[PDB]
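The structure under discussion appears below in the form of structure tokens.
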Amino acid sequence: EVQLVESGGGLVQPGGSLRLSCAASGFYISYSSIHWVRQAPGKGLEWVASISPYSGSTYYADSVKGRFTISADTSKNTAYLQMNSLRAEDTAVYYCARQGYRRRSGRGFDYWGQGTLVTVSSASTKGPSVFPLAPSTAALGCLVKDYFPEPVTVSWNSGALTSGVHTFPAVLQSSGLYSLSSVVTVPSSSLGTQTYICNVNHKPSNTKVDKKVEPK
Amino acid sequence: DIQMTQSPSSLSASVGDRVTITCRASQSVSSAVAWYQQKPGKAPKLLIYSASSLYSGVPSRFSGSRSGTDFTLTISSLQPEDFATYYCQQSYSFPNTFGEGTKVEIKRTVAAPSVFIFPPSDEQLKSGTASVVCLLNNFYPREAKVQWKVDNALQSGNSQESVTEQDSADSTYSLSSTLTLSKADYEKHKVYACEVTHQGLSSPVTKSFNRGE
RNA sequence: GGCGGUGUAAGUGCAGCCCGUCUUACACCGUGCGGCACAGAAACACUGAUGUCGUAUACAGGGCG
């Protein structure tokens, strides 16, 4: 019944500005506290900001005070986080969250948005090159090389191949660009009958590639 | 600013174990403490509210307790779907503060990696760089060591590794290692070897290829 | 309720007696303010009850055997 859909993430340079949105349904945001919570990659949860019902009182983490503004539009049932003067350390997945109803779940945050990624960096967007990892049960894969920023998505055979797939976390190269591999293991006999195509999408650069992986 | 000191920062437990996670508040937070469970790449999910009340739909094997400023999350018997990172949170005073997290992984029998090696593609060799890739598939425990040799010469500083999260269906890990070389260096040398040390192997295993096989 | 005002009575600075002041009781009249609990879709603010525990001028001495 309750949904929270976030948008507005992406890449900006240091000192830049973004506005995140959290569009709610199933409840009126006016009668709940709404919070923003962020998570830097590989790190823990960090509370960012909140707005109270009835008063409209707002509260901020020390690191963001003066730079971020949380707000709510009652007519659109949408909450917002205006982020100005962004820094590298603000890079994180940002979540909106509903603080629940007092008599039902105390002060626990019972519903969460899906998260939106914010990257603060001077490096330029670049789409990846995709190279096959030719079949060696057999292992095969794709190398997704030299892209910025995160993330890429990889599927196999347009989602029909999921078992045995391992898409590894990206590593940052010394060049400042990311690289990952996605592998899958299959029965060797299937190499003769099933075509294996890795589907790579790099939405931040609008690069989308399908690479057939064949025996060498 | 109220601190929430959470311990331990990680733990590995077997299916069926009772696990206890502790969060200490730097000062009184009354009972305004919540606990969350977070799976990789997902939003956190509320488990416990007001220190000790179970949120609707959460299994009875989860419970919370308060003694003064010490708060405890208990899983009475650990199930395989309980691997995650767990967080405490205080909502007594602004700014709100989360504990640092307890990553819970599932114990499992030792399993040696299955090792595969991939030469660079002809397409990449048109470009001036060569990437050689070594895959270590479905091993446990997580710790593993990869050394690269080019014509028996040990490589250093020209490789990077990345590890998956623990698999939900067999509780293993996989690891990929990528060796970066110039196109010219790759086309000159013949024998490319990945050497893997892991507790499931009594001595290191080598997988290799010869350029042009 | 607590506090204050006024009135009536009794007791009360002495070796003793008297007046006052002081205290207590009763009567009527004015009159609150906090802190902490609770609820309202509710951490603050806002609205509404009811409890509790607390609070507020440090002006008294004189007369006669």
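Letters A, B, ... are given to chains in the order of the sequence lines, protein chains preceding strands, and every chain is numbered from 1.
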Could you spell out the base pairing of RNA chain C as a dot-bracket line? Use Watson-Crick and G-U wobble contacts where both distances are under 3.5 Å, [ ] for crossing pairs, | for partners on a different strand. .((((((((((....[[[[..))))))))))(((((((((.....))).)))))).....]]]].

Provide the distance between the two [atom1] atoms, one in [N] and one in [M], to the nearest whole Å.
| N | M | atom1 | value |
| --- | --- | --- | --- |
| C:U52 | C:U24 | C1' | 28 Å |
| C:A56 | C:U31 | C1' | 12 Å |
| C:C64 | C:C14 | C1' | 12 Å |
| C:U12 | C:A25 | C1' | 14 Å |
| C:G1 | C:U50 | P | 16 Å |
| C:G7 | C:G61 | P | 23 Å |
| C:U21 | C:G62 | P | 15 Å |
| C:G51 | C:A39 | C1' | 14 Å |

Describe, in one word, how the ring planes of A:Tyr95 and A:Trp112 are oriented to each other, choosing from parallel (under 30°), tilted (30 to 60°) and perpendicular (over 60°). perpendicular

Can you tell me how the ring of B:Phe139 sits relative to the ring of B:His198, calling it parallel under 30°, perpendicular over 60° and tilted otherwise? perpendicular

List the steps and the verdict of side-chain hydrogen bond (donor to acceptor under 3.5 Å, both in side chains) for B:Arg66 and B:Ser31. CA-CA 7 Å; B:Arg66 162 190 185 196; B:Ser31 283; 3.1 Å; yes

I need a per-nucleotide contact map over nucleotides 37-46 of chain C, read 5' to 3'. Cutoff is protein heavy atoms under 4.0 Å; write B for the base, S for backbone only, - otherwise. --SSBBBBB-

Return yes if some donor-acceptor pair links the side-chain N/O of B:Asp167 with the main-chain N/O of B:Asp170 below 3.5 Å, else return no. yes

Just by modelled atom types, is the B:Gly101 backbone N or O under 3.5 Å from a matching donor or acceptor in the B:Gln6 side chain? yes

Check this for me, if you would: do [X] and [Y] make a salt bridge, where the nitrogen-to-carboxylate-oxygen distance has to be below 4.0 angstrom?
| X | Y | value |
| --- | --- | --- |
| B:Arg142 | B:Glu165 | no |
| A:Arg38 | A:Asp90 | yes |
| B:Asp82 | B:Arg61 | yes |

Classification of the [N] sugar, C1'-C2'-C3'-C4' positive north, negative south:
| N | result |
| --- | --- |
| C:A27 | north |
| C:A56 | south |
| C:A41 | south |
| C:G20 | north |
| C:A60 | south |

Compute the ring centroids of B:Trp35 and B:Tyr49, then answer whether they are less than 6.0 Å apart. no

For C:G16 and its strand neighbour C:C17, are the base ring centres under 5.5 angstrom apart and the ring planes under 30 degrees apart? yes

Would you confirm whether the neighbouring bases C:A43 and C:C44 count as stacked, given the thresholds of 5.5 angstrom between ring centres and 30 degrees between planes? no

Worked check of side-chain hydrogen bond (donor to acceptor under 3.5 Å, both in side chains) between A:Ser52 and A:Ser57: CA-CA 5 Å; A:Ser52 301; A:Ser57 301; 5.1 Å; no

Syn-anti status, with the boundary at 90° from 0, for the nucleotide C:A56: anti

Check the interface with nucleotides 48-53 of chain C: list each N/O to N/O pair with the protein under 3.5 Å, or write none.
none

Here's one to test your reading of the geometry: is the NZ or CZ of A:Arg98 within 45 degrees of the ring axis of A:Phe109 and under 6.0 Å from its centre? no

Aromatic B:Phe83 / basic B:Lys39 pairing, under 6.0 angstrom, 45° off normal: yes

